[PDB]
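The same protein chain appears twice below, in two forms, each given on its own as structure tokens and labelled structure 1 and structure 2.
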Structure 1
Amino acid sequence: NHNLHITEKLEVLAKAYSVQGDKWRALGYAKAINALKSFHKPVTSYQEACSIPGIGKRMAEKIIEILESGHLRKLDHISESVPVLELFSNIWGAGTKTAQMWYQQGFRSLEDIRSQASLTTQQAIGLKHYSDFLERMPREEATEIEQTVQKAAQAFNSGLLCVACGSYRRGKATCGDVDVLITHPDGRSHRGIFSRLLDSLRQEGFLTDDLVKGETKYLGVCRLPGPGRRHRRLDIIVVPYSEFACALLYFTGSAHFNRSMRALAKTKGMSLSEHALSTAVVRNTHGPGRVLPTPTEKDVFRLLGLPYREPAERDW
């Protein structure tokens, strides 16, 4: 990164915009920040600024002020509330709206929130694991977690396939959570197993808390046996074999890579979701189309006219 002396200061505004709710401006900043990391050279000019895709006028001027100032003006006028809003929004299940309300009501610290704030079932679980959910795990621990789920699932029907996705499948050394995907070749044996599997994982204490118990998506908390173990976020998604490849790619990410893929699909009258790549094409103000067969991840890249990127290179 040739521009850490520029990105460091923009990351402060970005996070300030996101916690304050300005989600589009925050996105715009984020793009620009990743662009300058991607760049090969230090930015040297206002026109070298506008040259980058993702850097426009307004942020060209800010890099311009920084490149002489050595520091930016706007940073001195950040509202005093940003650090508190960030602290609150880092509770799982609490977003920008809940944090700003808590701030309006005078809350200023997690002791205040524990003391006086009403919390949803999800937020109380998030607060209780506030530190654990902020730290990443070694990828080897992600492997035990996948294997724990896999042996539980394969006991019922051994035809079942189980794959950890997310940053783990992208080959990163540490993982924020574990995203386990499940399907069955016979195309029907995948259905109605959350009953038995989550009961089995809950049997000897692997599952500790449930955040979301949908019919296809489970989000929750797990912990491995023995000393030194922290509580880890675990998600489980069960899909029809038809949608295996598309789910495989969505839940491996990354989120910016998924977003770029969706954008290119839109250039070609197609739509990409976790369920399917579709020729749903009508776009003139904003009637779906046809799901195209994608037995493998390769097919999605292919029908989109891209060369196959293996998971490790989608870590955008």
Structure 2
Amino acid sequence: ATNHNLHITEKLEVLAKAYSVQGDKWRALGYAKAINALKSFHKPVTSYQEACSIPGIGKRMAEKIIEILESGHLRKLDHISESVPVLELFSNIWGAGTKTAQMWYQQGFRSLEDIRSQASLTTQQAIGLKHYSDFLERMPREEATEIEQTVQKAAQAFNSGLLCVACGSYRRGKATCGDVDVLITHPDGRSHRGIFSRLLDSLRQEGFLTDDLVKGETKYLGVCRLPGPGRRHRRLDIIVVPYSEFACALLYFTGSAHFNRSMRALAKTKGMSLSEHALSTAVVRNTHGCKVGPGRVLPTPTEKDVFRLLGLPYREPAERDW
């Protein structure tokens, strides 16, 4: 729908990122939740009591909401360390998180050029840096489509049965995608094996894969570029999963991140655990509470089965932003 509280959320996201780039992840999280609630509220919040009655907004956040509602500004926004923009700049480099941004800043660096030349970069960060600009641009949905087909085409050349599906923001129907997350599996439950390596080599030869950021037996985080004049380098993820965990893999991979964590929260209450691998029962825990026995798996052939089992009404991918 429409965000009847934009005048508020914009001020808030500013403080939210402030805390975020600074490493205060938990406080940032509180704000993120707050903002998602604000956005999806049927009307402009008009009173402090009204704000509080909303889940994810407590005394503290309500105070801020009202001050903006009445002043159109948030005092808090004027006392934000002048280091935030540089920390944001540095943490925008894929592979570089808040600890690295903070390290570089105390070392005196202040620009990507400072980093590029002087600073010490891990192999990933170097890749993150050379593709800085391209990585902040959200690609058109159409380009995501092209990338999914590329992967799927190269994958079917090893097996016609292999199933390739673009997830994340793409399956949620967004018009722009930060990256492309492709999930690959196979109906027979066994053919997905031993093809990951060769599929990557194939795409790497074809020139499509330009750089590798992370290689796992079943997980791949890399960089790609479509054939054609002046195409940008797009960040790409690929995960290969056995057919049995397909529903969960697809659920996890479609996200969003907050929707996922929210489902996993609920899962734990009902005494269960939800992971990209499966929906299970309460894990066994000893006197201290330490995992000692994995819960048994509840078959979930489809995403619908996962919601059903958690007592939740099915939600289309496009309505899973959080």
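Start at 1 and count along the sequence of structure 1; that gives the residue numbers used here. Only residues modelled in both forms are compared. What we label the rigid core is the largest C-alpha set whose atoms superpose within 1.5 Å from one form to the other.
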* To do: Return yes or no for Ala280: a CA shift of at least 2 Å between the two structures, with the rigid core superposed?
  => yes
* Using a superposition on the rigid core, decide whether the Cα position of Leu67 changes by 2 angstroms or more between the two structures. => yes
* between the two structures, C-alpha offset at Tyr29 (rigid core aligned, Å) -> 0.7
* **between the two structures, C-alpha offset at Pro307 (rigid core aligned, Å)** => 1.9
* Three or more consecutive residues, each Cα shifted by 2 Å or more between the two structures after core superposition: list those runs for me in sequence order. => 64-70, 280-286
